[PDB]
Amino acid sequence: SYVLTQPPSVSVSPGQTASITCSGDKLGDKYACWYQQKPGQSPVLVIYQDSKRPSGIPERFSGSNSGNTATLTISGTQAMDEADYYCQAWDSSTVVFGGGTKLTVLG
């Protein structure tokens, strides 16, 4: 079983940079993508293929993936970014979600 680990929670005030990571063995040799999920809603793709942003996703979201860790960075976090964030890895033999990180935006 391939396991992806995320920190349980991150909290920042509006305008700060939030950094959410996901780690697994040789994750940098796979593709990382990121989903945002708000209460009572379906996940929404915010980053795909390590670093690409779907149209409509704010430019403050960026992604990287190297070594064993993928990182979702929110540069100038907004109140509406409060949500759970999930990393997912894929390669030919792999589709695995990380455990999720709760992002709280406060004060």
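From 1 onward, residues are counted along the sequence shown.
**Student:** Do the CA atoms of 27 to 35 or those of 54 to 62 have the higher mean B-factor in the entry?
**Tutor:** According to the PDB entry, the answer is 54 to 62.
**Student:** For the C-alpha atoms alone, is the average B factor greater in 36 to 44 or in 67 to 75, going by the entry?
**Tutor:** Result: 36 to 44.
**Student:** Against its chain's modelled residues, does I20's Cα B factor rank lowest, middle or highest third?
**Tutor:** Lowest third, going by the recorded CA B-factors of the chain.
**Student:** How does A83 rank on Cα B-factor within its chain, lowest, middle or highest third?
**Tutor:** Its C-alpha B-factor, which the entry lists for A83, ranks in the lowest third among residues of this chain.
**Student:** According to the PDB entry, is the CA B factor of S13 in the bottom, middle or top third of its chain, that is, lowest, middle or highest?
**Tutor:** According to the entry, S13 has a C-alpha B-factor in the chain's highest third.
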